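[1] structure, please.
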Amino acid sequence: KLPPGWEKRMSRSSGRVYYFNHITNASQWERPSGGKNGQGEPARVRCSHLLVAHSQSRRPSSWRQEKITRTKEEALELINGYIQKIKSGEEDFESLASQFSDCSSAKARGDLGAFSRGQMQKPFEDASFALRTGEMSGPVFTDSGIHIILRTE
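    Residues are numbered from 1 along each chain as shown. Here you go, the structure:
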C-alpha cells in the first residue's frame, strides 16, 4: 500500500501521524492514495521547479546575483519558507519560482518542459518521476542547490 516512496511516520517530540515520501521529500497529513498495480512509471514528465543555490553549488552564480554567498542551511531556510508560503496558499508556486528561482527557467514560471530519465540530475529526476501530475515535492538537493519540484504533466 502507498505509491513508490511513501511511508507513515510521526514527527519528533510531537505526536503527528502523517505520510512521508523518501524520494520526493513530500509531507502531508492526507494519505497519497486510497487498486492500480503494475502501474510502473511514465516515460516522460513535464516539470516546473524553483531553485535556491548556496556556496557549495557547482555554479555559485545565477541571474539573481553575480555571486552566491548564502550557505546550504540558509538556502534551505528559504526553500522551507517558500514551501510554507506555497502550501498556505499565500503565494503560488509559479510567481515564487519567477521571483526567486536561481535557474534561468524562472523566466518561464519555472517550467522545464517534458523530459525523460537520463538528462536531469538523478536526485531531481527520481523525485520528478516519483511525483504525480499536480503533486509538489519537498526540499530536493542536487549539485545545483535545493529545488522544489512541481510536476505539471
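[2] roughly how far apart are the nearest residue to residue 85 once chain neighbours are set aside and residue 82?
    Spatially, and ignoring its direct neighbours in sequence, residue 85 is nearest to residue 91 (4.3 Å; C-beta to C-beta, 6 or more residues apart in numbering). All C-beta atoms are positioned from the backbone trio N, CA, C, and that covers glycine. In this view, residue 91 and residue 82 are 8 Å apart by C-beta to C-beta, to the nearest Å.
[3] what's the answer for residue 110, then?
    In this structure, residue 110 lies at 11 Å from residue 82, with C-beta to C-beta as the measure.
[4] now swap in residue 15 and tell me
    With distances taken as C-beta to C-beta, residue 15 is found 27 Å from residue 82.
[5] of those two, who's got more company?
    Here residue 15 and residue 82 are compared on neighbour count by other C-beta atoms under 10 Å; more neighbours surround residue 82, at 22 against 6.
[6] to what extent is residue 118 buried, counted in neighbours?
    Neighbours around residue 118, by other C-beta under 10 Å: 7.
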